[PDB]
């Protein structure tokens, strides 16, 4: 888990709960004197432990917190990597470009990143079928990021997530319908 993800999480937690809460979370869940360097890889367990704590504090499902973070995360990534996002003229182009374009540019900018397996099909009814697979099981973060990307492009969307790893499947299937 690259530090940039933790950095955007910090922005969210600090903005919503204050720096003392963020530092408390780091004391509880990260090694002593932890500082998240954007380019460096960290144990994904640190991220999950932090988000698990937040979710339990709010008495919410962890996956709803993860989805909220995902939506927040798109702007966090877009802001830090504007050149990458600027490559896309619309929502559909971005989503269909996750596999080819995003994956490439991240591997160019980061040392040994851990990216999900994402594959998109544009269907003749102009729905997008997005397959997700990852050991991290962060499909709800993916769902959140898609909504974030939709907001960015001023595009309204609906997502059906009727196959999911969290129920035992070896992948998730996110059907994205663009609406008016």
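Positions refer to the first chain, counted from 1.
When the mean C-alpha temperature factors of 98-106 and 81-89 are read from the deposited coordinates, 81-89 comes out higher. In this entry, 9-17 has the higher mean Cα B-factor, the comparison being between 166-174 and 9-17.
The top Cα temperature factor in the record, among 46, 53, 27, 112, falls on 27.
Taking the PDB entry at face value, the top CA B factor among 154, 41, 134, 127 belongs to 154. In the PDB entry, a CA B factor belonging to the lowest third of its chain's modelled residues is recorded for residue 146.
In this PDB entry, residue 120 carries a Cα temperature factor that places it within the middle third of its chain's modelled residues.
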